[PDB]
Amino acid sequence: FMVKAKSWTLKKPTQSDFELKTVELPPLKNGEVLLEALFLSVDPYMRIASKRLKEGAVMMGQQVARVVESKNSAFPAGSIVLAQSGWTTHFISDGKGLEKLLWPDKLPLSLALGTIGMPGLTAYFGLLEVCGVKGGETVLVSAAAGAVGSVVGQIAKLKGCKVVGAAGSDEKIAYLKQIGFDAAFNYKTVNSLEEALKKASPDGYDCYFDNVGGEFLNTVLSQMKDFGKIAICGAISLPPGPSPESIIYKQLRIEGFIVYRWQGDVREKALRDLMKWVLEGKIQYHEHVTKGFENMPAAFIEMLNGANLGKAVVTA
């Protein structure tokens, strides 16, 4: 009985720019493993990475998958792994891009795609290393209700900082207050972004974890404390020019970073911290689940437009 792998290829975002292809996978050769997707991730970074993706190719992505059949002793049948296999239901691998797992049974495996995964790590190094928080600071976080934002705010809180979050809906604002943000506002409905930031924090901000860029970032600059630090993580919002006056006179430090910069022991340690914090209830998690591999492009679309509260996860 042969297995049929369904994959989402980039046709030309909108549904029409995605095309599902089906292929019968060949038998396993020695050293290979047959994997079945359990939970697939859709992330903001994909919209950009789609660039060098020649049409017809399977979309890039990470997923949590189970080993169904195996001829690889490192990955026995029944094993659960993290793979960079892209948007596909089944795939064959010689073990190249796979990471081990089964991890407390009480934690859903899909957390390895979010809070105890890439987004969680982005939040961790972004806040603890780029911003360099040590406690007592006032931290601003944009797209605060997203996968990265939600973690940044909760880590800031456990480190004893005052935390302000900017999100895209009133539903999200209630959520942020629920996970511990000291202040939270809908940046889309502000009368004055400048005054909202002032209201949120009269004395300004020590660190700004940026996921939006553009106008938001520019306005934030004027409210940074001297020697303030801005960690450029993403830019969901051509952006208007920043004021040189603020950067120079307040002597601000702006640094862009990619989570992949940190590897080895430091990365392993950060994942243990993230898992520990989740087990201690210090970092609550929420996954916006879309059921059905057939609904992945839609899930991807829904996420990009901000209809997602927390980590976007698609179940096979």
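One-based numbering along the sequence shown.
- According to the entry, the stretch of the deposited sequence that connects residue 102 to residue 103 contains 1 to 3 residues lacking coordinates, which leaves a short gap in the model.
- Unmodelled residues of the deposited sequence between neighbouring positions residue 12 and residue 13 number 4 to 9.
- When the mean C-alpha temperature factors of 43 to 51 and 266 to 274 are read from the deposited coordinates, 43 to 51 comes out higher.
- Stretch comparison (168 to 176 versus 73 to 81) by mean CA B-factor in the PDB entry places 168 to 176 on top.
- For the set 57, 258, 64, 35, the maximum C-alpha B-factor listed in the entry falls on 57.
- Placement of the Cα temperature factor of residue 29 within the chain: highest third of the modelled residues, per the deposited record.
- When all modelled residues of the chain are sorted by CA temperature factor, residue 86 is found within the middle third.
- In the deposited entry, the Cα temperature factor of residue 106 sits in the bottom third of values across the chain's modelled residues.
- Remark: residue 122 belongs to the lowest third of its chain, ranked by C-alpha B-factor as recorded.
- Ranked against the other modelled residues of its chain, the C-alpha B-factor of residue 252 as given in the entry falls in the lowest third.
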